[PDB]
Ligand SMILES: CCCCCCCCCCCCCCCC(=O)O
Ligand SMILES: CCCCCCCCCCCCCCCC(=O)O
Ligand SMILES: CCCCCCCCCCCCCCCC(=O)O
Ligand SMILES: CCCCCCCCCCCCCCCC(=O)O
Ligand SMILES: CCCCCCCCCCCCCCCC(=O)O
Ligand SMILES: CCCCCCCCCCCCCCCC(=O)O
Ligand SMILES: CCCCCCCCCCCCCCCC(=O)O
Ligand SMILES: CCCCCCCCCCCCCCCC(=O)O
Ligand SMILES: CCCCCCCCCCCCCCCC(=O)O
Ligand SMILES: CCCCCCCCCCCCCCCC(=O)O
Ligand SMILES: CCCCCCCCCCCCCCCC(=O)O
Ligand SMILES: CCCCCCCCCCCCCCCC(=O)O
Ligand SMILES: CCCCCCCCCCCCCCCC(=O)O
Ligand SMILES: CCCCCCCCCCCCCCCC(=O)O
Ligand SMILES: [Ca+2]
Ligand SMILES: [Ca+2]
Ligand SMILES: [Ca+2]
Ligand SMILES: [Ca+2]
Ligand SMILES: [Ca+2]
Ligand SMILES: [Ca+2]
Ligand SMILES: [Ca+2]
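Protein chains in written order, with this note's numbering: chain A, 134 to 669; chain B, 134 to 669; chain C, 6 to 119; chain D, 6 to 119; chain E, 303 to 377; chain F, 303 to 377.
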C-alpha cells in the first residue's frame, strides 16, 4: 500500500523506484547521501526523516522571522513616555519574559534543524560545506544573544533571523545565487547609470547657475546631483524645474529631454541588461539543476547493472516497469518507445540501452502518461495562463525582496529610530507633516515595513527621504534611500519584471505550440522540444 | 562620375546598376513604376525628380506642422484682455495676415507633393490607393480652410496638419501600421485591465464603506474606481489610503497587496502582451519589407536574361560585377562566391540557373564587401552599442507619440481652453494652485504641449486631472486624462519599452556572435545568419 | 522539360485528392507554377498559384481556403491538396505578381480528368 | 572492445597534437573516458576527463586550459587537443563523478609515446 | 474580364493582358503588343484603354488579367 | 594523495579510493574493499579513516582519489 519509505529493504525493483521517482518532481538527495555504496544505509533513513517532518522546520522559519515585527523598538529604553504613542504602530511589544519562552522554542528547532544532517553526513562531510558552517554560526549568534538576553552595541539579532531565513528556505537561497551571479553585470550598468546623472547634473549645474533655478533649487553642485537623481526617478517632476520654466520657457527643453532620455532609454537599458543577465543566470541554474537529474539517472542506471557492464536489458526494462506502476500492459510500449526515442544502439536486438538513452527515457514516461497515484476562455487565456503560473513562481523572487525590506527595516528602525515625534519641531515643517505622512514612520518594525513598501512603489518616495535628511540633520541619511533605490530597482526589474516577461513567453508557447501537439504528432518527440527551446 | 541620372536609356546590363543598387540600401520604387515594361519611361524620370528634390517636401512638413505652436489660442476672440497674460506661453501669435503668407506657402509645396505622382501614375492608378485619396482630401480641407480664413464650429485645421504629417513622413505612416495591427490585441488586454480595476474597486467599495476611509475619499463607487485607477498608476500612493491606515493598520494589507499586484503582475503583463504583439507585427512588416526589395530582385533578374527562360550564365554573372563598380578583378568572384552559395545547382560546370539563387547572391555582397563608394571600450560597449543605435531607431516610434501629443494638445487647447485664469476663483483651491503648477496649463499650444509631457512621464499626473475636473465642473474632463493614459500605455510600452529591449538583444547579438564567427570560419555564412536571428 | 501533372485519379465527393506538377526545365524559383482548370463546356478558371521564389502560395476567391497548394523544389513538383468536376492544367508564368501582361502562362500541362 | 588511442605521433615543442581514443564496447555516454599519462620514471598523472553523458568535459589543475578534450560519439572516439614528454593512456571508469572507488578506471589503453 | 465576339476583352489599364487561343490553350500575345514566338502574326493585340483589342486578320480566345496574385480570365 | 612503502595511501573519506598495480596499471581493488575480478585475493583493501590500507599478504600501487571530477593519484 504505502510507498513513502521504501528504502530499508530496497531491492533491485524496490530501490529502483526510490530514485526513479526522485527524478520526476526534482527532489534533492545529498551527493554525500548518494556517494555511499548501498544508498540504503544508515544515511538514507535519516533523509526521509527530514522531508517527512519538514513542516516543523519550515513553519518554524516564520516563528523565527516574524518575531521581528513583534519585537520592541530598539530604543524606548533611553527615552521617556513609551506608552504614550509617538506615532507608533499597533502590534504589541513582547516583554523580555515573552522573548525567552519564544527564543528557546525557536532555538530548539534550529539545533534540531541544523544538527540533523549529522545524522546523514559525517563529522567532516558536514563542516566543509561553506553554508553549513554559516548556519551553525548564525545559531551560535542566536545562542549568544539568548544568553545576553537572560542576564543583561546595536543588537544584531534581527539581521541574523533574516539570514537564517534566507539560507533555510531553499528557493530563497537558490534565488540569491542568481543575484550574486548577476551582481558583476549590474554594478557595471549601475556605474554607467551614475555617470549619466553625474554628467547631466554637471550641465544642469553649469547651465542654470546664475539664473532663477540655480539660485533656488540648483544651489550647489551636490544639490543638483541630488535633485537630478530624483528627476531620474520621475517623481520630482515639475517641482524641480518650475523656476527654470517660469523664467525662460526654453529651458524645459533641457528638462523635457533629460527625463525623456533618463526614463525611456537608460531605464529600459538597465532593464534590458538585467533581463539579459537574468536569462543567462537562470539557464545556468537550470543546467545546474538538470545535471542533478542526471546524478539520479546515473544512480538509477547503476543500481540495475548488477553485471556492471554499461547497458540494460529490454526485458529487464519492461519487468522493472512493474514497480514503476504507470500502465497495465507493459511490453506493448517499450518497442514503440525505441522509435519514440530518437536514438537506439542496435548492436543487439533488444538488450541495448546506452546510459544517455535511459537518461531521456525516464524523463519522457513521467511527462506523457502521468499516472502514479500515491495512496498516501480563449480570448483571455494567455494572460491568466501566466497570471496563475506566476503566483508561486514569484514567491522566491518576491521573498528575496521581503528579506531585503526586512534588512532595511531593521537598519531603518535603528538609524532613523525614534525621531518623528509629536514632541519634535524639525519634523513639523518637513514634507511628512504637510503631506501628513506621520505614520509611515520608521519608529518601529511594522511602521517601517510599510514605509519601505511605499518607497518601493515610488509613490511620493522623496517625502520620506527629504524628511529624514532633515530630521537626522546630515546628508548621510540620503544614502539609506539611495541604496534602497539601487538594490531594489535591480530587484524590482530583475527578478520581478524580467521574470514576468519570460513567464508570459512560456504560457504563450504552451498555447501556440499546443496546436502543434495535436496536429504534428500525437505522441511526444524529443528533438522537437530541444529545437523549440533555442528558437524562442 | 555620376550614375544617378539614367532614365535616359542605359544599356541592358547598365540599366541593372540601379535596381541592383535599390535592393542594397532598401529604397522603394512604386509597383506602378515597375509596372511598365521598359522601367525607363517617363514614369522613371519623374521618380528621380522626387527623391532628389525630396528636401523641399520633408522640411515643408515641419513648416506645416510647427505652425500649430505658432498659431493663436483658439479662443481669445470672445474673451477680454488677451495681451495681459493670463498664464500664457512665450511664443508670438501669428496674425491673420501672417497666417495667409504662410498657409499659401505651405499649400504651394503640398499640392506639388500630392499632385506629383500624377507625373508617374495615371488618372486612375493614382486615385485608388487610399493613402493618396486621403492626402488629396486633407489638402482640400486645408484649401477650404484657407478660403474660410480669407473672407470670414471648432476649426479642424490643426488636426489635419498632424494627419498630413503622419502620412507624409514614411516611417510614421509605417509605424502607424503596427499600431493598427497591434490594436486588436491591445483592446483585449485593455478590456482585462478595466476588469482588474472594476473588480478591485468593488471590494474597495465594499470593505471600507462604513469606516473612515470610505466616508472621506472612497465615498461612492464612482470615486473609488476613480481613486483606484490612480493607485493603479501608483501616483496617488499613500494619500489614497492614509485614513484607512490611520484607523486600522490592517487595511494597508488590502492596499499594499493591490498595488503589488497592480504594478508588478498586471502592468508587466500588459507590457508582456504589447511586447508580444510588437514581435509579431514587426516581423510581419519586415516580411512586407523584404518583398519591397525582393520584387526588385525579380526585376533585377528579369532584365539580365534575353528570352525570359529563367537563367544566368557564369560569364553573364561576371559581366555584371564590373557594373557594380565595387570589386577589382573579375574571375576571383564567382570562383569564390559560388562556394559561398550554400545551395548551388551546379547543373553546368559554370552557371547556376535559378532566380532564388540570385535573390540571395545580390544581398550577400552588400554585407561582406561594402565597397561601393559613390564619388558624387569593452566593459561599457553593449550599452552604447544600443544607445547609439537607438537614436534614429526610435524617431519613428517617438514621432508617433509627438503626433499623439499634438492631437491631444489641440483637443486640450479647445476642450480645456482659457480657463486657468488669474481671474478665476475655483482654480485657486485646486491642486494646481497649491503645488503651483498654474502654468503647465492648456491655454496655448506650447503651454499644453509641455503639460502633456508631464502627464506622459506621470510625475504628479493627477494634479492636472483633479484640477481640470474642478475647473470644467464635470466628470467628463476625466476622460481626456484617462484616454491619454491608455494610448500611451500602448505607446510608451509598445513603441518605446519593447523596442529598447529587442534593440539591446541585437547589439547583444552583434557582440556575442562577432566573437563566435571570428573563430568559426574565415568568411560569412548564410545558414548561421538564418538560425541566429530565429532564436531571440 | 515540359509539364507533368500527377495525382489526378478518380475522386469521390466528400474526400479529395492531392495533385503534383512535375517539371524538368527549372520550374520552381524562377518560372513559377499556376493551377488553372476547366470544367467541361465552361471556360478556364484559375484555381491556384505559388511562388517558390517569394514564398507566397496564394489562390482564388471561389476556392479560397478550400484548395491547398504546396511544392517540392528538390524534384521541381508543385503539389495541390484538394461541383469540382474539372480538367486540371498546370502553367508556367515567368512572372509572379502581374503575370497577365508579360509572362503569360507559357507552357501548359498535358491534361487530366478529375 | 578494448581501448585504442591514436594521434600520438612525433610532436615538436611550440605546436602540439590532437589525440583520439577509439572504442568498441559502447564507451561513450555509459562508460565514460579518462586521459591519464605517465612521464618516464614518474608516476601517473591525470590529464583529462569527459562525460558524453552529463556533457561535462573537465580536467586538471596543472593542465587547466592547456589541453582541450572533445569526443565523437558516432565512432566512440574521445579526441584530445593538446615538459609534456609523456606516455598517454586512456581509461574507462564507469562512474564519472566519484570514479575513485566505484568505477576504478577499468580498461587502460595499449600505450603511446608522445 | 468580359470577352466580346476582331475580339475584345475588358478591364490594370495597359499591362494586364495575355491573350490565348481537344486543345490546351496556346499562348498567343503577352501584353497585347508582343507576339509570342513560334506563331504567325495574323493574331495581333492592342491595348485600347479599358478594352483589349485582340485581333483576327487572316482566315484559314481567353484574355487574361491580374493585379497582384489573383488572375481573371475571360470565357 | 601520498603513498607509504603492506602499503597505505592518504586522504573523500571512505568511498574515494581505488588501488592499482612494461605494464599498464592493472586495476586491483575498486572502493578499497571490493576485489576486482580476475585477481587472486592476496591483494585486499581497507579504509581506515584518513588512511587507505592497500595490502600485501602473499609472496611469489597507485592509489586513487577524486571528489567531483578531479582525481588524485599516488606516486
Ligand atoms: C515586496 C513586499 C513588500 C512588503 C510590504 C510589507 C507589508 C506588511 C505590513 C504589515 C502591517 C501589520 C500591522 C498590523 C497591526 C495589527 O493588526 O494589530
Ligand atoms: C562626465 C564627468 C563630468 C562631470 C564632472 C563635474 C565636475 C564638478 C562640477 C563642477 C563644480 C565642482 C564641484 C562643486 C562642489 C565643491 O567642490 O565644493
Ligand atoms: C546615486 C545618486 C547619488 C546620490 C545623491 C548624492 C547626494 C549628494 C549631495 C551631497 C552634497 C550636499 C550639497 C552641497 C551643499 C552643502 O550641503 O553644503
Ligand atoms: C558610492 C556611490 C557614490 C555616488 C555619488 C556620490 C556623490 C558624492 C558627492 C557628489 C556631489 C559632491 C558634493 C558637491 C557639493 C559639496 O558638498 O561640496
Ligand atoms: C546584510 C545583513 C546585515 C547587513 C546590515 C549591516 C548594517 C549596516 C548599517 C549598520 C546599522 C547601524 C548604522 C550606523 C550609524 C548609526 O548608528 O547612526
Ligand atoms: C540588504 C543590504 C542593506 C544594507 C545597506 C543599508 C545601509 C546603508 C546606509 C544605512 C544608513 C546610512 C546612513 C546613516 C544615517 C545617519 O547616520 O543618520
Ligand atoms: C549607490 C548608492 C550610494 C549612496 C549615495 C551616497 C550617499 C550620500 C552622499 C552624500 C553626502 C555628502 C556629504 C555631506 C556630509 C554632511 O553634510 O554632513
Ligand atoms: C514624446 C515627446 C514629448 C514632447 C514634449 C514637448 C516639448 C516641447 C516644448 C516646447 C516649448 C517651447 C516654448 C517656446 C518659448 C520661447 O518663445 O522661447
Ligand atoms: C467584477 C464586477 C463587480 C463590480 C460591480 C459592483 C457594482 C458596484 C457596487 C454597488 C455600486 C453600484 C454603482 C453605483 C450605482 C448607484 O448610483 O447606486
Ligand atoms: C477605466 C478607468 C476608469 C476611467 C476613469 C474612472 C471613472 C470614474 C468616474 C466617476 C463617475 C462620477 C463619480 C460618482 C459619484 C458622483 O459624482 O455622483
Ligand atoms: C468606456 C470605458 C469605461 C471605463 C469605466 C467606466 C465606468 C463608468 C461608471 C463609473 C462607476 C459608477 C459611476 C458612479 C457610481 C455611483 O454613483 O455610485
Ligand atoms: C485623430 C485626429 C482627429 C481626432 C480628434 C477629434 C476631436 C475629438 C474631440 C473633439 C474636440 C471637441 C470636444 C467637444 C466637447 C466641447 O467642445 O466642449
Ligand atoms: C489621438 C486620439 C485622441 C482622441 C481622444 C481625445 C478626446 C477624448 C476626450 C476629449 C475631451 C472629452 C471630455 C470633454 C471635457 C468637457 O466637456 O469639459
Ligand atoms: C478608456 C478611457 C475612458 C474614459 C473614462 C470615462 C470618462 C467619463 C467619466 C466617467 C463617468 C462619469 C459620469 C458623471 C457625469 C456628470 O456628473 O456630469
Ligand atoms: Ca547490464
Ligand atoms: Ca529497434
Ligand atoms: Ca509621484
Ligand atoms: Ca511615479
Ligand atoms: Ca536564356
Ligand atoms: Ca558548382
Ligand atoms: Ca503637496
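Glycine included, each C-beta is placed from N, C-alpha and C at the ideal position.
Check                                                                                                                                                                             : Outcome
Looking at chain E, is there any beta carbon in it that lies within less than 8 Å of the beta carbon of residue 103 of chain C?                                                   : yes
Step through the CB atoms of chain B and report whether any lies within less than 8 Å of the CB of residue 346 of chain E.                                                        : no
Give every residue whose Cβ lies closer than 6 Å to any heavy atom of ligand 21, listed in chain order.                                                                           : A/568 and B/568
Tell me which residues of the region 168-185 of chain B have at least one Cβ-Cβ distance to chain E shorter than 7 Å, keeping chain order.                                        : 168, 169 and 170
Tell me where the beta strand (DSSP E) around residue 311 of chain E begins and ends.                                                                                             : 309-312
Closest to residue 435 of chain B by CA distance: which of C/107, C/82 and C/116 is it?                                                                                           : C/107
Which class does residue 77 of chain D belong to by DSSP, given the choice of helix, strand or coil?                                                                              : strand
Identify each residue in the region 242-266 of chain B for which the Cβ-Cβ distance to at least one residue of chain E is less than 9 Å, and report them in chain order.          : 255, 257 and 258
Pick out whichever of B/571, B/529, B/518 and B/616 has its Cα sitting closest to the Cα of residue 544 of chain B.                                                               : B/616
Applying a beta-carbon distance threshold of less than 7 Å, which residues of chain C neighbour residue 492 of chain B?                                                           : 58
Here's a check: name, in chain order, each residue in its chain whose Cβ is nearer than 7 Å to the Cβ of residue 579 of chain B, leaving out the five neighbours to either side.  : 202, 222 and 224
Quick one: Cα of residue 505 of chain A to Cα of residue 458 of chain A, how far?                                                                                                 : 6 Å
Go through the residues and name those whose CB comes closer than 6 Å to any heavy atom of ligand 18, in chain order.                                                             : A/367, A/368, A/591, B/367, B/368 and B/591
If you reduce the DSSP assignment to three classes, tell me which class residue 365 of chain F lands in.                                                                          : strand
Relative to the alpha-carbon of residue 112 of chain C, which residue among E/348, E/325 and E/369 has its alpha-carbon at the smallest distance?                                 : E/325
Can the beta-carbon of residue 152 of chain A be found closer than 8 Å to that of residue 453 of chain A?                                                                         : no
Taking beta-carbon pairs under 8 Å, can you tell me which members of the region 556-578 of chain A lie near chain B?                                                              : 568, 569, 570, 572 and 573
In the DSSP output, which residue or residues are listed as bridge partners for residue 677 of chain A?                                                                           : The shown model of chain A, from 134 to 669, leaves out residue 677 of chain A, and the question about it has no answer.
Using a Cβ-Cβ cut-off of 8 Å, state whether residue 13 of chain C counts as contacting chain E.                                                                                   : no
Near residue 229 of chain A, what residues of its chain come up, given a Cβ to Cβ distance below 8 Å and the 5 sequence neighbours on each side ignored?                          : 282
Under the assumption that residue 13 of chain C contacts residue 82 of chain C (Cβ atoms under 8 Å), give the Cβ distance between them as a whole number of angstroms.            : No, residue 13 of chain C and residue 82 of chain C are not in contact; Cβ-Cβ is about 14 Å, not under 8 Å.
Distance check for residue 417 of chain B and residue 33 of chain D, CA to CA, integer angstroms please.                                                                          : 45 Å
Locate the alpha helix (DSSP H) running through residue 665 of chain B, then write down its first and last residues.                                                              : 660-665
Under 9 Å between beta-carbons, which chain A residues line up against residue 351 of chain B? List them in chain order, please.                                                  : Under the 9 Å cutoff, chain A gives no residues; its nearest Cβ is about 17 Å from residue 351 of chain B.
Does any CB atom of chain H fall closer than 8 Å to the CB of residue 315 of chain F?                                                                                             : Given the protein chain composition of this structure (A, B, C, D, E and F), no chain H is represented.
Using 8 Å as the limit for Cβ to Cβ distance, is residue 54 of chain D near chain A?                                                                                              : no
Can you find the residues in the same chain that come closer than 7 Å, C-beta to C-beta, to residue 492 of chain A, ignoring five residues on each side of it along the sequence? : 427 and 430
Apart from the five residues on each side of it in sequence, which residues of its chain come closer than 8 Å, Cβ to Cβ, to residue 383 of chain A?                               : none
Along the chain, where does the beta strand (DSSP E) that runs through residue 246 of chain B open and close?                                                                     : It is not in any beta strand (DSSP E) - residue 246 of chain B instead sits in the alpha helix (DSSP H) that spans 244-247.
Are residue 398 of chain B and residue 633 of chain A closer than 8 Å when you measure CB to CB?                                                                                  : yes
Taking C-alpha atoms, which residue in C/58, C/39 and C/102 lies nearest to residue 489 of chain B?                                                                               : C/58
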